[PDB]
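**Q** Got a structure for you, data.txt, holding compact mmCIF, C-alpha atoms.
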```
# COMPACT_ATOMS: atom_id res chain seq x y z
CA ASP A 1 -1.50 -16.46 -8.78
CA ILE A 2 -1.14 -16.31 -4.96
CA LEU A 3 -3.81 -18.48 -3.38
CA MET A 4 -5.24 -17.34 -0.06
CA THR A 5 -6.71 -20.26 1.89
CA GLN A 6 -8.91 -19.52 4.91
CA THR A 7 -9.71 -21.78 7.87
CA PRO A 8 -12.44 -22.60 8.67
CA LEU A 9 -15.22 -22.31 6.11
CA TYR A 10 -17.70 -21.85 8.97
CA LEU A 11 -17.18 -20.59 12.48
CA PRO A 12 -20.08 -21.01 14.94
CA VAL A 13 -19.63 -19.13 18.18
CA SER A 14 -21.78 -17.77 20.95
CA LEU A 15 -21.83 -14.04 21.52
CA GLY A 16 -18.83 -13.64 23.83
CA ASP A 17 -16.47 -16.38 22.66
CA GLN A 18 -12.98 -15.98 21.24
CA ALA A 19 -12.74 -16.37 17.47
CA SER A 20 -9.71 -17.18 15.32
CA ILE A 21 -9.55 -17.32 11.54
CA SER A 22 -6.41 -18.37 9.72
CA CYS A 23 -5.33 -17.73 6.17
CA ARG A 24 -2.40 -19.31 4.33
CA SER A 25 -0.82 -17.85 1.21
CA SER A 26 0.77 -20.06 -1.45
CA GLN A 27 3.71 -17.62 -1.54
CA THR A 28 5.43 -15.04 0.62
CA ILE A 29 3.52 -11.78 0.44
CA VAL A 30 6.21 -9.23 1.13
CA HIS A 31 5.91 -6.49 -1.42
CA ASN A 32 9.35 -5.47 -2.68
CA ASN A 33 9.02 -2.30 -0.61
CA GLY A 34 9.31 -4.27 2.61
CA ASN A 35 5.61 -4.15 3.46
CA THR A 36 3.38 -7.16 3.82
CA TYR A 37 -0.05 -6.21 2.55
CA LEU A 38 -2.14 -8.81 4.31
CA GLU A 39 -5.61 -7.50 5.09
CA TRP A 40 -8.80 -8.65 6.75
CA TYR A 41 -12.32 -7.74 5.59
CA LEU A 42 -15.73 -8.22 7.20
CA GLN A 43 -18.70 -8.34 4.83
CA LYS A 44 -22.33 -8.31 5.93
CA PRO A 45 -25.24 -9.66 3.79
CA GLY A 46 -26.07 -7.31 0.92
CA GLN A 47 -23.29 -4.84 1.72
CA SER A 48 -19.69 -4.50 0.57
CA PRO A 49 -16.49 -5.49 2.44
CA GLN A 50 -15.21 -3.42 5.37
CA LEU A 51 -11.42 -3.14 5.76
CA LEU A 52 -10.58 -4.21 9.34
CA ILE A 53 -6.89 -5.11 9.54
CA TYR A 54 -4.21 -4.06 7.08
CA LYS A 55 -0.43 -4.61 6.95
CA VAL A 56 -1.00 -7.79 8.96
CA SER A 57 -1.45 -6.33 12.43
CA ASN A 58 -2.89 -2.86 11.91
CA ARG A 59 -6.43 -1.98 12.97
CA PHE A 60 -8.30 0.27 10.59
CA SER A 61 -9.82 3.48 11.93
CA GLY A 62 -12.94 2.71 13.98
CA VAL A 63 -12.11 -0.99 14.39
CA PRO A 64 -12.18 -2.07 18.08
CA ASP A 65 -9.19 -3.73 19.77
CA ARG A 66 -11.23 -6.92 20.12
CA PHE A 67 -9.77 -7.48 16.66
CA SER A 68 -6.06 -8.18 16.18
CA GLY A 69 -3.93 -9.47 13.34
CA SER A 70 -0.80 -11.58 13.59
CA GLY A 71 1.38 -13.84 11.47
CA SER A 72 4.47 -14.06 9.28
CA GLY A 73 5.70 -16.07 6.34
CA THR A 74 2.64 -17.73 4.89
CA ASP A 75 0.26 -18.19 7.80
CA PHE A 76 -1.86 -15.35 9.10
CA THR A 77 -4.43 -15.17 11.85
CA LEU A 78 -7.31 -12.84 12.74
CA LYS A 79 -8.43 -12.96 16.36
CA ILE A 80 -11.63 -11.73 17.94
CA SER A 81 -11.25 -11.76 21.73
CA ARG A 82 -15.04 -11.55 22.36
CA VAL A 83 -17.45 -11.90 19.45
CA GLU A 84 -20.24 -9.33 19.33
CA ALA A 85 -23.45 -9.32 17.27
CA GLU A 86 -22.04 -6.75 14.81
CA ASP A 87 -19.12 -9.06 14.08
CA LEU A 88 -21.38 -11.57 12.37
CA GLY A 89 -20.76 -11.94 8.65
CA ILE A 90 -18.07 -13.21 6.30
CA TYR A 91 -14.43 -12.51 6.94
CA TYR A 92 -12.10 -12.31 3.96
CA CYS A 93 -8.31 -12.16 4.10
CA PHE A 94 -6.46 -10.56 1.22
CA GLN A 95 -2.99 -9.78 -0.07
CA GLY A 96 -2.06 -6.73 -2.10
CA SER A 97 1.66 -7.45 -2.06
CA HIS A 98 1.82 -8.95 -5.56
CA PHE A 99 -0.28 -8.39 -8.65
CA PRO A 100 -2.92 -9.36 -9.04
CA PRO A 101 -4.11 -8.85 -5.48
CA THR A 102 -6.09 -11.85 -4.21
CA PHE A 103 -8.79 -12.73 -1.65
CA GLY A 104 -9.29 -15.79 0.55
CA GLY A 105 -12.41 -17.90 0.20
CA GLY A 106 -13.98 -16.35 3.28
CA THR A 107 -14.95 -17.64 6.73
CA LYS A 108 -18.55 -17.22 7.87
CA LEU A 109 -18.57 -16.19 11.53
CA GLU A 110 -22.04 -17.09 12.80
CA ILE A 111 -24.01 -17.76 15.98
CA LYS A 112 -24.91 -21.23 17.22
CA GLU A 128 -16.82 11.05 4.25
CA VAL A 129 -15.61 9.60 0.94
CA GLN A 130 -18.41 7.87 -0.94
CA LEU A 131 -18.70 5.93 -4.18
CA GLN A 132 -22.08 5.69 -5.90
CA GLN A 133 -22.64 2.86 -8.34
CA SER A 134 -25.41 2.64 -10.91
CA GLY A 135 -28.37 0.37 -10.44
CA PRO A 136 -28.62 -3.38 -11.16
CA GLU A 137 -28.63 -4.66 -14.73
CA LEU A 138 -30.61 -7.55 -16.18
CA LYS A 139 -29.04 -8.57 -19.45
CA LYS A 140 -28.99 -11.45 -21.94
CA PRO A 141 -25.76 -13.16 -23.05
CA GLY A 142 -24.14 -11.21 -25.85
CA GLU A 143 -25.35 -7.73 -24.82
CA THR A 144 -23.31 -4.93 -23.23
CA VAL A 145 -23.27 -3.07 -19.90
CA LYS A 146 -21.61 0.09 -18.67
CA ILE A 147 -21.71 0.25 -14.87
CA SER A 148 -20.99 3.65 -13.34
CA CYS A 149 -19.26 4.72 -10.15
CA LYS A 150 -19.40 8.35 -8.98
CA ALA A 151 -16.64 9.48 -6.65
CA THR A 152 -17.46 12.11 -4.04
CA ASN A 153 -15.51 14.04 -1.38
CA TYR A 154 -12.06 13.46 -2.80
CA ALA A 155 -10.07 14.63 -5.80
CA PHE A 156 -11.21 12.14 -8.43
CA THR A 157 -7.91 12.49 -10.29
CA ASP A 158 -5.76 12.04 -7.19
CA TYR A 159 -6.27 8.34 -6.65
CA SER A 160 -7.00 5.50 -9.03
CA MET A 161 -10.18 3.44 -9.29
CA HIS A 162 -10.18 -0.34 -8.72
CA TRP A 163 -12.81 -2.89 -9.70
CA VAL A 164 -13.52 -6.07 -7.80
CA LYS A 165 -15.81 -8.81 -9.03
CA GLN A 166 -17.88 -10.85 -6.58
CA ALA A 167 -19.38 -14.00 -8.07
CA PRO A 168 -22.79 -15.37 -7.03
CA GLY A 169 -20.93 -17.77 -4.74
CA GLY A 170 -19.25 -14.91 -2.87
CA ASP A 171 -15.76 -15.20 -4.40
CA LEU A 172 -13.83 -11.96 -4.88
CA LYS A 173 -11.65 -11.22 -7.90
CA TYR A 174 -9.53 -8.25 -8.90
CA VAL A 175 -10.78 -7.00 -12.29
CA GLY A 176 -8.22 -4.22 -12.58
CA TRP A 177 -7.79 -0.49 -12.09
CA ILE A 178 -7.55 2.69 -14.10
CA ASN A 179 -5.27 5.70 -13.78
CA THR A 180 -7.71 8.57 -13.18
CA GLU A 181 -5.00 10.98 -14.31
CA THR A 182 -3.79 9.26 -17.51
CA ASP A 183 -7.01 7.44 -18.36
CA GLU A 184 -4.78 4.38 -18.64
CA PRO A 185 -6.37 1.03 -17.67
CA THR A 186 -4.62 -2.07 -16.34
CA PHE A 187 -6.39 -5.41 -16.10
CA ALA A 188 -5.77 -8.69 -14.33
CA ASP A 189 -5.37 -11.46 -16.92
CA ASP A 190 -8.84 -12.90 -16.45
CA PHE A 191 -10.35 -9.56 -17.50
CA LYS A 192 -8.12 -8.53 -20.36
CA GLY A 193 -10.50 -9.40 -23.17
CA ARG A 194 -14.05 -8.11 -22.81
CA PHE A 195 -13.73 -5.56 -20.00
CA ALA A 196 -13.01 -1.86 -20.47
CA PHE A 197 -12.38 1.04 -18.09
CA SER A 198 -13.29 4.64 -18.87
CA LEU A 199 -14.09 7.87 -17.05
CA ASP A 200 -15.69 11.32 -17.05
CA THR A 201 -13.49 13.48 -14.79
CA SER A 202 -16.08 16.11 -15.55
CA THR A 203 -18.67 14.30 -13.46
CA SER A 204 -16.00 12.51 -11.37
CA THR A 205 -17.20 9.11 -12.59
CA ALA A 206 -15.47 5.84 -13.36
CA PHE A 207 -17.06 3.36 -15.74
CA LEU A 208 -16.71 -0.36 -16.32
CA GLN A 209 -18.10 -1.84 -19.49
CA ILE A 210 -18.46 -5.49 -20.25
CA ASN A 211 -18.97 -6.53 -23.85
CA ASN A 212 -20.46 -9.77 -25.23
CA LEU A 213 -21.76 -10.76 -21.81
CA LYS A 214 -21.62 -14.37 -20.66
CA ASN A 215 -23.35 -16.14 -17.77
CA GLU A 216 -19.93 -16.18 -16.06
CA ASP A 217 -20.23 -12.38 -15.88
CA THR A 218 -23.21 -12.49 -13.54
CA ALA A 219 -21.82 -10.96 -10.34
CA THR A 220 -21.77 -7.83 -8.24
CA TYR A 221 -19.05 -5.45 -9.34
CA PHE A 222 -17.66 -2.96 -6.88
CA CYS A 223 -15.50 0.01 -7.60
CA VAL A 224 -12.89 0.44 -4.89
CA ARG A 225 -10.52 3.17 -3.82
CA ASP A 226 -7.17 2.39 -2.19
CA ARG A 227 -5.12 4.35 0.32
CA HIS A 228 -1.73 2.75 -0.30
CA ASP A 229 0.33 5.78 0.78
CA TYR A 230 -1.27 4.93 4.13
CA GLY A 231 -0.57 1.22 3.72
CA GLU A 232 -4.26 0.38 3.34
CA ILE A 233 -5.57 -1.27 0.18
CA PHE A 234 -9.26 -1.04 -0.72
CA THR A 235 -10.48 1.15 2.11
CA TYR A 236 -13.43 2.61 0.20
CA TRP A 237 -16.01 0.56 -1.68
CA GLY A 238 -19.10 1.43 -3.70
CA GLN A 239 -22.31 -0.32 -2.75
CA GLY A 240 -21.59 -2.50 -5.77
CA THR A 241 -23.62 -3.20 -8.89
CA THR A 242 -25.33 -6.42 -9.73
CA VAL A 243 -25.13 -7.65 -13.29
CA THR A 244 -27.45 -10.59 -13.86
CA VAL A 245 -26.79 -12.32 -17.19
CA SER A 246 -29.86 -14.47 -17.79
CA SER A 247 -30.50 -16.57 -20.89
CA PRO B 1 -1.88 9.38 -5.66
CA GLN B 2 -2.09 6.95 -8.58
CA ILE B 3 -1.50 3.38 -7.41
CA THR B 4 2.05 2.17 -7.91
CA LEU B 5 2.92 -1.06 -6.08
CA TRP B 6 1.85 -3.56 -8.79
```
As structure tokens, how would this structure be written, given the file I've shared?

**A**
Amino acid sequence: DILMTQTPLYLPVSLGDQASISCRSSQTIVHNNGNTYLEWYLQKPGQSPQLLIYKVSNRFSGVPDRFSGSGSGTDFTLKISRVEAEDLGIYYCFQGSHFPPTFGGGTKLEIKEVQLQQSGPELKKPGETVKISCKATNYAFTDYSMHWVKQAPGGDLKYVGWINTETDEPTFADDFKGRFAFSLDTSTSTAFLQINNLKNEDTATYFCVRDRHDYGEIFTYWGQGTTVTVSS
Amino acid sequence: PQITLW
């Protein structure tokens, strides 16, 4: 539903310049509880996203004040006072105010204790099945839920759904109703994702994610992700 | 805490 549009696609800067990335949402993103869950992620090649700003203007633990979030209504902006080498990567904006949560297309900034373990990469053929695993560590597995985000070969991020780790009840975003299934082994503190009758469209890296909503942060902990390559 | 929000 809610489309997050980022500007620009590419952002070339020189170490030291000011950087600004905007993001417009097709609809207001004020969750009914009065909180606007706009969030900014920085993703480096091969790794998973890093939550930077949440609730529009809040810096996540560890994030330097060179980063600041602002905005209201439908337009949001992420500013980097002085770009540093470690800031290089792709910045994604995201809204968790209305289901299903959604991510912007990303902006590539370039120059001129809790851990989740995911199973290894899978090479499959269309029609087969896969059961990716995600082992939660250093937190009560049954306390929080487990989310699953899909990242296509192009880089696009999509909410697959989540599963109640206490009721073993899954909930999927419409584009994952059909052939996707969530399960778990609280015994080994592991969440599973199984895809049946694989299709080329399924080739992507799937990450399991843990939220921290009671804190206002959505998707603060990500697994390294698992790559499912569906080759004919 | 099991996600509510959505």

**Q** Rank A:91, A:99, A:191, A:40 by their smallest atom-to-atom distance to residue B:5, using all atoms listed in the file, and report the top residue only.

**A**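 Checking each candidate against residue B:5, we get A:99 as the closest.
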
**Q** Could you check the closest approach to residue B:3 for each of A:34, A:96, A:169, A:64 and tell me which residue wins, using all atoms listed in the file?

**A**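 For residue B:3, the nearest of the candidates is A:96.
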
**Q** Please identify all residues of chain B having at least one atom at most 6 Å from any atom of chain A, considering only C-alpha atoms, and return them as a PyMOL selection string.

**A** chain B and resi 1-2+6

**Q** Please indicate the distance in Å from atom CA of residue A:68 to atom CA of residue A:9, rounded to one decimal place.

**A**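 Interatomic distance here is 19.6 Å.
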
**Q** One decimal, in Å: what's the spacing between atom CA of residue A:201 and atom CA of residue A:186?

**A**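 Atom-to-atom, atom CA of residue A:201 and atom CA of residue A:186 are spaced 18.0 Å apart.
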
**Q** Between atom CA of residue A:78 and atom CA of residue A:20, what is the spacing in Å?

**A** 5.6 Å

**Q** Measuring atom to atom with all atoms listed in the file, identify which of A:102, A:67, A:90, A:79 is nearest to residue A:29.

**A**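 For residue A:29, the nearest of the given residues is A:102.
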
**Q** May I have the centre and edge lengths, in Å to one decimal, of an axis-aligned box around the listed atoms of stretch 184-188 of chain A with 5 Å added to every side, as AutoDock Vina command-line options?

**A**
```
--center_x -5.5 --center_y -2.2 --center_z -16.5 --size_x 11.8 --size_y 23.1 --size_z 14.3
```

**Q** Can you find the residues with an atom no farther than 8 Å from (-8.1, -11.3, -15.4), counting all atoms listed in the file, and report them as a list in words?

**A** residues 174, 175, 176, 187, 188, 189, 190, 191 and 192 of chain A
